[PDB]
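Step one of this worksheet: look at the structure below.
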């Protein structure tokens with residue numbers, strides 16, 4: 493069905509542009525990451541990782 | 395990350411959500427009940443009319 | 346001629362086949378807020394009045 497639009501129509505009858513983002517928060521090698529820097533690695537010492 | 399783009403009517407914007415029903419969530423675009431992500435909808439009456 | 350708030354108009358609905366999806370084009374609203382029942386699950390119920 494055609495879906496015609498006009499400027500005279502009231503709110504709720506006007507076009508709305510939609511974009512949806514879907515992520516994959518599971519256990520696998522990561523590919524898309526936020527911009528945070530990486531420090532060095534320390535072993536045999538109690539730390540926060 | 396997956397980005398899906400389209401355009402709809404205003405009163406149908408509420409149909410883009412998990413576990414919905416209508417003419418858009420049945421024959422056009424369906425979201426799983428365990429959705430993990432975001433949606434972004436904005437008015438575009440200046441361009442799409 | 347929608348009535349004033351202090352003398353609001355009441356209409357009673359009787360024997361009929363109600364369809365709560367053809368009223369999305371009778372009024373330029375965005376969504377139907379509800380309380381007892383979800384608006385999606387309104388075509389599968391029978392009410393006394």
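Residue numbers (the authors' numbering), protein chains in the order written: chain Z, 493 to 541; chain D, 395 to 443; chain W, 346 to 394.
Just so you know, even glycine gets a beta-carbon here, dropped at the ideal spot from N, CA and C.
Asked: Between Z:515, Z:537, Z:494 and Z:498, which has its C-alpha nearest residue 433 of chain D's C-alpha?; Found: Z:515
Asked: When burial is assigned at 16 or more other CB atoms within 10 Å of the CB, is residue 507 of chain Z buried or exposed?; Found: buried
Asked: Is there contact between the segment 356 to 375 of chain W and the segment 383 to 391 of chain W, where contact requires at least three CB pairs shorter than 8 Å?; Found: yes
Asked: Assuming the contact rule is C-beta atoms closer than 8 Å, residue 524 of chain Z and residue 431 of chain D should be a hit. Round their C-beta distance to whole Å, please.; Found: Incorrect: roughly 13 Å between the Cβ atoms, too far for contact.
Asked: Using a Cβ-Cβ cut-off of less than 9 Å, list which residues of the segment 368 to 386 of chain W approach chain Z; keep chain order.; Found: 369, 370, 372, 373, 374, 375 and 376
Asked: Which class does residue 437 of chain D belong to by DSSP, given the choice of helix, strand or coil?; Found: strand
Asked: From what residue to what residue does the beta strand (DSSP E) around residue 508 of chain Z run?; Found: 507 to 514
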